[PDB]
Structure formats: structure tokens, C-alpha cells
Amino acid sequence: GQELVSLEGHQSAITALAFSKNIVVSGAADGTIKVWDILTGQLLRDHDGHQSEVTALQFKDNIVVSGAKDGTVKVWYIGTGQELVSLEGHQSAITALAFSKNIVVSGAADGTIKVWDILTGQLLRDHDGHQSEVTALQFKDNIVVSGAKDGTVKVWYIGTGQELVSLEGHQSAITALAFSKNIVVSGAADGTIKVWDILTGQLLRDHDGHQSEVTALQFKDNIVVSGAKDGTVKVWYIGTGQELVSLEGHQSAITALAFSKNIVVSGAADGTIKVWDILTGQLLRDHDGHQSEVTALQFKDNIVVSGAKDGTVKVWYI
């Protein structure tokens, strides 16, 4: 249960992290994107990247979509780093990326949401979306669910361009959300969690949460993992709001979360990285992973990839 490989990382803070198969894609605040080999620890290449801070990364199959602070959205081949198609991108900072099938949905800090076709790069839908910075973006089955810094949550159907239903949203900035079937679940920075009906719009469940000022959220099935500034990492049920397991959490602000099967990984602002099993509540591992705030976590098949504010990228084994 140690590190699998040693990666050099970046010369500036890690701001985006993606992990697929045995390849890690990392973006830094200086615009640099690096492609790593998890099996050999060597970097595949230095991507020419963006001239601005990489803000989001999407890595699916062999195609990675990267957005930056200058509004560019690039689609390129993981094997060569070569641009596959040119997207016009947004005029404001890219703040959210979603990637499903051959469609890319990008959110911006001005509230705009654009829908691209990675086959032609043509702009499919370019709506104003929100009057606030888009903070969350989930896209599945030609349905886009977006959240914003003002607490608004919207549901669009790609192609039609209009909204399917209207949701009351939250009184606080959206931190994460998810959706499937009849249910849209969203979480705001004030700890509230709201479960919506994708066709009715009714607030089916409205919980105030068990923390004040949550920083990270994660949804897997009907279970929420919430990290807060006071260091508390909590696991509770979407249906009733009852807590499902007691974890001690960190003594520093939670800045990153990861959730896969029965294992929750949390990063804190002091660099510590703890790993629990959600069933037994037992701390599988705790480590001072980085000397700086953990800013991104990726977890696939008992492998934890972590990014930090000093630019270090590390690969852990469960």
C-alpha cells in the first residue's frame, strides 16, 4: 500500500487531473499539460497546452478535452497530443467540462454553456445558461444538468436547446450534482442536499446536511460524501439524510474527495490523504501525501492519483 511510480509533476499548482486506463493527464496553473505512464512512471509527452491555467480535464477512451482560464477548449489525441478538432471555446474562463459519447459540454465563468461535436467541432448549442459562474456540469443521455455559483440548477435537452424542467435550486453555490431516471440530486456549499424530479420538478427531499460550508461533494448511487472546512468527512444517505458511517476525517480543510465502490479517499488543505472503507469505517490508510493542499483526486481500481498546490503528482496503491 505505497506509491506505485514517481512522477516529476509540474512547476506550478495542479489545477486539473484525469485518469484513464494506465495514463494520467495533469494540468497546471501555468497552462502546462503533461501525460504520464502509470506503469513506467515516465511522461509520454509535454502537451503544448494552453497559454492560460488549465481549469478542467476530461479523458475518455483516447480523447482528452482540456479547458483553460482564457476560454479555450481543446480536443486532442492522447497518443500524440495533436489537436483533433478546433473549438471556438468561450469568451470567459472555462469552469466546467462534461464529456459523453461524442459531445462536449463546457461551462464558463460568465454562465454560458456550449455544446460541441468532437467529430466536426461545430457548435451545437450555445445558450446563455446561467447568470452566474457555472460550478457543476453533469451530462448523460443527451441531457445536461448544470449548476451555478448563485444556487440555480437547470436541465437542458441537447438538440432541442430548451429546458426540460425548472428547479428551484439552492440559496448557495452549487458544488456538485448528479442525475438518473426521475431524480436530480444537487448539493450546495451550505451543506443542503436537494433531490428533484426530472419530470415533475418537485423537491422530493430537502436535507440541510450535517456540516457548515462544505467544500467537496461526491455522489455514487444514493450516498453522499461531504467534506467541510472543519475537516469533517461524512457519509450519509440521500433518501433520509441519515449518516451511514462515522469517519474521523482530517484536522484540516477538506479540499478533495474520491469515491469508488466501498472506499472513500479525501485530501485536505495540509496535504494529508486518508483512505477509508465505507462499510467498516476503518481507516485503510492515512498519509501525509503532499506538502501542499491536495487539489485533485482520481481513483480507479484501487489506484489513487493525487495532485497538489506545489505541482506534485503522486500515484498510490490501495
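Read-outs throughout are calculated quantities, based only on the coordinates presented, and are distinct from any laboratory measurement. Heads up, the Cβs are rebuilt from the backbone with ideal geometry, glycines too, and the neighbour counts pull from every protein chain shown.
Annotations for the structure displayed:
- Under-5 Å amide H pairs with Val304, H placed in peptide plane, nonlocal only: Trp316, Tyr317, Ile318
- As a calculated quantity, the FRET efficiency between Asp230 and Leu279 at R0 = 22 Å, using C-beta atoms, amounts to about 0.35.
- Taking other residues whose beta carbon is less than 11 angstrom from the beta carbon of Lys274, and scoring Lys, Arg as +1 and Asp, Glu as -1, yields -2.
- Karplus-based coupling profile of the range 101-110, in residue order and whole Hz: 6, 10, 10, 10, 10, 10, x, 10, 6, 7, with θ = phi - 60° in 6.51 cos²θ - 1.76 cosθ + 1.60 and x standing for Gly or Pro.
- In the range 217-315, inverting the average of 1/r over every pair of distinct C-alpha atoms gives 13.2 Å as the Kirkwood radius.
- Between amide H atoms placed 1.01 Å from N, distances below 5 Å from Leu164 occur with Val155, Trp156, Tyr157, all of them 5 or more places distant or on a separate chain.
- Legend: P(r) of the chain from all alpha carbon pair distances, 10 Å bins from 0, whole percents, reading 6, 27, 35, 25, 6, 0.
- Applying 1/(1 + (r/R0)^6) with r as the Cβ-Cβ distance of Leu164 and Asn22 and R0 = 41 angstrom yields a FRET efficiency of 0.60.
- Amide proton proximity set for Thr95, modelled H, under 5 Å, gap of 5+: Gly107, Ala108, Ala109
- Residue-by-residue Karplus 3J(HN,Hα) for the range 11-25, coefficients 6.51, -1.76, 1.60, Hz, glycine and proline x: 8, 8, 3, 6, 10, 7, 8, 9, 9, 9, 6, 10, 10, 10, 10
- Signed unit charges on C-beta, dipole axis of the chain, positive-most listed residue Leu87, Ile103, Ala68: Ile103
- Integer Hz, Karplus 6.51/-1.76/1.60 couplings in order for the range 36-42, x for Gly and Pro: 10, 9, 5, 6, 10, x, 7
- Those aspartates and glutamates that a straight Cα-Cα span of less than 13 Å connects to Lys181, excepting residues fewer than 8 apart in one chain: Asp141, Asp197, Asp221
- Working from label points 7 Å from Cα in the Cα-to-Cβ sense, the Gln242 to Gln42 distance is 5.5 nm.
- Surrounding net charge for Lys181, when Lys and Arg each add one and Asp and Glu each subtract one, Cβ distance under 14 Å: -2
- Across the options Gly311, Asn22, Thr215, the greatest Cα extent toward the positive end of the charge dipole of the chain (unit charges at beta carbon of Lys, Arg, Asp, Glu) belongs to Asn22.
- Using only side-chain charges placed at the Cβ, +1 for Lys and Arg and -1 for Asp and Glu, the dipole size of the chain relative to its Cα centre rounds to 680 debye.
- Unit charges on C-beta of K, R, D, E only; dipole of the range 116-265, Debye: 360 debye
- Note on the chain: with a GNM built from Cα contacts shorter than 10 Å, the maximum mean-square fluctuation among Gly111, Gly281, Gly129 falls on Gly281.
- Zone of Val85's modelled label, taken as backbone nitrogen in the range 31-70 under 19 Å from a point 7 Å along Cα→Cβ: 57-68
- For the range 79-123, averaging the sequence separation of C-alpha pairs within contact (under 8 Å, six or more residues apart) and dividing by the residue count gives a relative contact order of 33 percent.
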